[PDB]
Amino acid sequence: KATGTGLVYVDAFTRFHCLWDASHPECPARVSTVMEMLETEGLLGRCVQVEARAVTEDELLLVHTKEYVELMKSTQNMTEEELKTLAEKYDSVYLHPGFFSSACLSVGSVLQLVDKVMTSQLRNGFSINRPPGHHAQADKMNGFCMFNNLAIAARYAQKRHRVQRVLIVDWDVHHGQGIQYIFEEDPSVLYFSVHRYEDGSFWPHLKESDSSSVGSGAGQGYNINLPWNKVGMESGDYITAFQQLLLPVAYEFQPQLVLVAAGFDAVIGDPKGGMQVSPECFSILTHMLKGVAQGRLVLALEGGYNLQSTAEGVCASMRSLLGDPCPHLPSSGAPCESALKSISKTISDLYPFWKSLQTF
């Protein structure tokens, strides 16, 4: 049997930042603070250190267009004004001369963990990477992302490791619309995102972030959006969503690999997410996901902007990956009415496609 929890972190993840705002939320301190807490908590030393690698062109082209890859590669040589001009053509993006290099190692870090997990060298793993990936699209940056780390990893697992079915779970407080678009017509990848939505008033402000977007073509039924329409959701809301919606579908889908867009902007204290999820909740969510795919689970960091809250969320997830007993949840409680309304609506939209959801 596979044993061990992999961790990838390289100093290159700190070597890019916003050139026009020294206080930009997507900053090197996000990942260095995580690493400092993993060490203080004694968790870092229990992990198997896994080297990062740079993604190749062929791997990027599993998801991205050649023209976009070439444009991103060219940012290495642009001036600060050239970088600002290009970044402002995208939605919520900054650029930096080291962004491309770091983005290539960010992708490659996930591919390394996929290698170790799919060949049973490790049970599971976590990349402590930036830049994030889940908003990046075939031919554009978006939302602090250049390359779609997990979408590339999913297609890489299929091509290199002969995986038939991949589940991608996006618990970052934002909708990973890039992942949705990439796998829209693909029944071999099931994408589930829970995200703040507020009827479109919360970024990215897309109608396709609602639960009516279920996939298309052969992929119909394999895209599952759970939008929250009120702020302040707690652990009981996320636990209910996983138990009543995600896990029934996951056990029916029978994935061979689970990839997690592991953002921590839904954690208590995040300045953007507006949710009240205890970090300890992520130990429970991680635990639930270990039950499918024979525990083959790879997490990659997405968002999360309160340095302490994000570090605590990573630590809680890591404790589960390492096999530590699940925590007692402090502010635990039944789901609220608004969460039940959203869960019910998504179930009603996905009901025709999944027999496990037909409990009424």
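Residue numbers run from 1 along the displayed sequence.
Remark: stretch with higher mean C-alpha B factor among 76-84 and 109-117 is 76-84. In this entry, 324-332 shows the higher mean Cα temperature factor of the pair 47-55 and 324-332. The residue among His195, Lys272, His134, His205 whose C-alpha carries the highest B-factor in the deposited model is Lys272. Per the PDB record, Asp91 has a higher Cα B-factor than any other of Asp170, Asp210, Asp91, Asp265. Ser356 sits in the middle third of its chain by CA B factor, as recorded in the PDB entry. Among all modelled residues in its chain, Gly217 ranks in the highest third by Cα B-factor. Sort the modelled residues of the chain by CA B factor and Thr346 lands in the lowest third. Among all modelled residues in this chain, the alpha-carbon of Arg30 has a temperature factor (C-alpha) in the middle third.
When all modelled residues of the chain are sorted by CA temperature factor, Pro97 is found within the highest third.
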